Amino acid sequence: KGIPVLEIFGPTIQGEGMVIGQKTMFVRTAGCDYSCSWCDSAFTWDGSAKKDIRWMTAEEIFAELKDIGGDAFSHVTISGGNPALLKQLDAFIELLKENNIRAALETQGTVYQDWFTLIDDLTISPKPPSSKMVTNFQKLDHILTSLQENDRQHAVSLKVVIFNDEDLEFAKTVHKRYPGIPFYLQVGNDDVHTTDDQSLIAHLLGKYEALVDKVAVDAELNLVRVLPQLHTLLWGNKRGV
């Protein structure tokens, strides 16, 4: 029943996706069924921080959020890792809704949980070929079908990270497969380890413009948002922000 927690920080801003810029708290869980080659939070699954895992109850996480956040937040983003691996997260999501706190979720869309229907901002991020991951579309279909059946279409978005042209073609395939779902494109980060912020920012902004220029002429990507990682532009690869 305990929840494996690695990070609890905030208040900060959501740097990605459907609710980008939103002031929110963060709860990063441990464990991933994926092993993406460019995972910017590899410590959640690579075993390098397994000893740092704190198994907490829903009340303990909420108390710690209220502690470091005070009354200066009404939004909480649950990430990882793949939080969808944890069924016991239901007690925490319910506790948030019972305290007038809106919840967001970051998942790659492999495992479905019934507490998905309680998420106000559900971001599903299928992984492109550059992540060396293989996408199970049957599992992705089941998740999106279940969400649409519970009228959660206003709370669900698709976000694909792009590193090259191959990823962009993969993103088009996903977008065409699910026409009604709000679609997002995200700039891929090359160096998730570098400490030189100035070079990183200039590099990512260059990648952003190159992506924008490419999508601009693609007629199959008209209903698409193109966004970077704002928190990376502000603090680089720093954790806890």
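Numbering starts at 1 and follows the sequence shown.
Enquirer: Could you settle it for me: does 113-121 or 129-137 have the higher average Cα B factor in the PDB entry?
Expert: The deposited B-factors put 129-137 ahead on the C-alpha mean.
Enquirer: Averaging the C-alpha B factors as listed in the entry, name the stretch that ends up higher: 229-237 or 13-21.
Expert: Between 13-21 and 229-237, it is 229-237 that shows the higher mean C-alpha B-factor.
Enquirer: Highest Cα B-factor in the PDB entry belongs to which of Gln148, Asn99, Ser157, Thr77?
Expert: Of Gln148, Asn99, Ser157, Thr77, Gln148 has the highest C-alpha B-factor.
Enquirer: Please work out which residue in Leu200, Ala63, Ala30, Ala210 has the highest C-alpha B-factor recorded for this crystal structure.
Expert: Most elevated C-alpha B-factor of the set, per the entry: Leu200.
Enquirer: Please place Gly188 in the lowest, middle or highest third of its chain by C-alpha B factor as given in the entry.
Expert: Ranked within chain, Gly188 CA B lands in the middle tercile.
Enquirer: Sorting the chain's CA B-factors, does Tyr178 end up in the lowest, middle or highest third?
Expert: Ranked within chain, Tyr178 CA B lands in the highest tercile.
Enquirer: Once the chain's modelled residues are ordered by C-alpha B factor and cut into thirds, is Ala104 in the lowest, middle or highest one?
Expert: Middle third.
Enquirer: Can you work out whether the C-alpha temperature factor of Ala84 puts it in the lowest, middle or highest third of the chain?
Expert: For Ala84, whose C-alpha B-factor we compare with every modelled residue in the chain, the answer is the middle third.
Enquirer: Sorting the chain's modelled residues by C-alpha B-factor, tell me whether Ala49 ends up in the lowest, middle or highest third.
Expert: It falls in the top third of the chain.
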